[PDB]
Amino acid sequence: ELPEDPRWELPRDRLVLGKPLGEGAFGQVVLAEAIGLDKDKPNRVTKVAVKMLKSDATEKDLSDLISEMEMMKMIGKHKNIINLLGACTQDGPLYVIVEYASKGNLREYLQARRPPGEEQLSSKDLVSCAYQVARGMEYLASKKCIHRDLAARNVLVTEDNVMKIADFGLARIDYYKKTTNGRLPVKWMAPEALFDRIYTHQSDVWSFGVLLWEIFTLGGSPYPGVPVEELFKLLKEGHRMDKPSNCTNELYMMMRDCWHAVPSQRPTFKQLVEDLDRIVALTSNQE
């Protein structure tokens, strides 16, 4: 049995469950329609994403779902994060109701827009995407949240092309474990986070640098064919990824600054938001 929180509770007859969303990257998530989430009006439907537990769910799987919801309540609202919209906690399974992003993850969204062998993104659209992700991250940081897994796969894209950071309310690692696409999350990890288990806003700044690299290569894979052990060796040697093609030196120096050996010397998300805001303004939409 769960305690009823009336700030968030939505009656069960007000949620129409639909087809599963994606390849279960964020757990068991379905598309749904919520009848009257707002008082004006109780007659409007909103497409929402609903997270619930699987059939083979443990008492720990339920505890994590609750913590994530409670965490989302505490963080508050921001344009550039997946927002909590409601929950079904009484007389049945737990349903955590969050914002729906119809264009999928930033890696997919970017990949579908790569020039041929939907539509192409200009040089400004790419800088705008980065600006939005740094904006989202800055909010979470201001609310004391450390993501730990910032990647393009954890950035969802809405129908209106808004960048929304996902999987920010979770708190946990197997270095050899792969993602859905067959990629290794250790590749986005700061060395101090990787070797010393030291997680900070600074280790998230490292990850943002890899995320910018993902935007500028239009969904490129970091370190292809590089196993865990060889990656360790690259980081220890001070190796850094090469400058993507059709990337300015100003933006490559931002990735580099993000990947500073010394965590204190990296820019903050507050600083990144300022720099990217200025760069968006000066970036051409003509190419």
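Throughout, we count residues from 1 along the sequence that is shown.
- Unmodelled deposited residues between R172 and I173: 4 to 9, per the record.
- Higher mean CA temperature factor between 191-199 and 133-141: 191-199, per the PDB entry.
- Stretches 61-69 and 249-257 differ in mean CA B factor, with 61-69 having the higher one.
- Which of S128, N105, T180, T217 has the largest Cα B-factor in the deposited entry comes down to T180.
- Taking the deposited Cα B-factors for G209, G86, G76, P115, the highest one is held by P115.
- In the PDB entry, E119 places in the highest third of its chain by CA B-factor.
- Annotation for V16: C-alpha temperature factor in the middle third relative to the rest of the modelled chain, per the entry.
- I279 sits in the middle third of its chain by CA B factor, as recorded in the PDB entry.
- When the modelled residues of the chain are ordered by C-alpha B-factor, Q90 sits in the highest third.
- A34 sits in the middle third of its chain by CA B factor, as recorded in the PDB entry.
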